[PDB]
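Add 116 to a position in the sequence shown, counting from 1, and you land on the number used in my numbering.
To start, the structure under review is shown below, and the notes come after it.
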Amino acid sequence: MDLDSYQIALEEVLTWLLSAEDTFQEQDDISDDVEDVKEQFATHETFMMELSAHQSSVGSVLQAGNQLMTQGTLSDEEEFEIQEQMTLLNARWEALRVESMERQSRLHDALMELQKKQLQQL
Ligand SMILES: [Mg+2]
Numbered sequence: 117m118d119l120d121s122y123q124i125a126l127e128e129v130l131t132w133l134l135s136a137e138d139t140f141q142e143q144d145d146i147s148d149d150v151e152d153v154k155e156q157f158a159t160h161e162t163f164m165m166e167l168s169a170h171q172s173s174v175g176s177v178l179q180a181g182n183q184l185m186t187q188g189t190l191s192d193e194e195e196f197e198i199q200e201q202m203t204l205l206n207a208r209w210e211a212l213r214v215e216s217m218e219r220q221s222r223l224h225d226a227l228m229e230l231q232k233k234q235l236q237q238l
């Protein structure tokens, strides 16, 4: 019942996370040209908006797993399954969050740098 609904919500999250990881992995290196950097930067900001919008769902699933585990109604096998799912979900969410943020910093700095290199050639 609450096991079932946790499992449906975990599948929704993980389906979306696997693809967001793949998309992240497939974004190209930061381009040396300011018009290409604009588009990479613009693409990644939209991605960061996507991450943010999914953050409560990740936390919501992690909270549901935690409640199922503390409440005591589940088998030992199911608990080992849930604990491993929560541990890995949390590590994947966090890896993607850190790497995406680093990517955002680099694109921000690249775009500001390339723009200002245009400006000082007035
Ligand atoms: Mg943002």
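Don't be surprised by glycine CBs; every beta carbon is placed ideally from N, CA and C.
C-alpha distance - residue i paired with residue j, whole-angstrom precision
i           : j           : result
residue 197 : residue 157 : 39 Å
residue 211 : residue 151 : 29 Å
residue 122 : residue 143 : 32 Å
residue 178 : residue 132 : 15 Å
residue 206 : residue 161 : 22 Å
residue 194 : residue 188 : 11 Å
residue 183 : residue 199 : 11 Å
residue 191 : residue 128 : 23 Å
residue 176 : residue 221 : 28 Å
residue 236 : residue 230 : 10 Å
residue 170 : residue 117 : 24 Å
residue 204 : residue 233 : 43 Å
Span of the alpha helix (DSSP H) around residue i
i           : result
residue 176 : 150-187
residue 205 : 192-235
residue 141 : 118-142
Whole-Å CB distance - residue i paired with residue j, under 8 Å assumed
i           : j           : result
residue 153 : residue 226 : 5 Å
residue 119 : residue 201 : Between residue 201 and residue 119 the Cβ distance is about 12 Å, and since that is not below 8 Å, they are no contact.
residue 140 : residue 218 : Actually they are not in contact, since the Cβ atoms of residue 140 and residue 218 sit about 11 Å apart, beyond 8 Å.
residue 223 : residue 146 : 6 Å
residue 155 : residue 136 : At roughly 19 Å, the Cβ-Cβ gap does not stay under 8 Å, so residue 155 and residue 136 are not in contact.
Cβ-heavy atom distance, residue i to ligand 2, below 7 Å
i           : result
residue 205 : Of the ligands this structure carries, namely ligand 1, none is ligand 2.
Beta carbon shell of ligand 1 at less than 7 Å from a heavy atom: 161, 164, 165, 168
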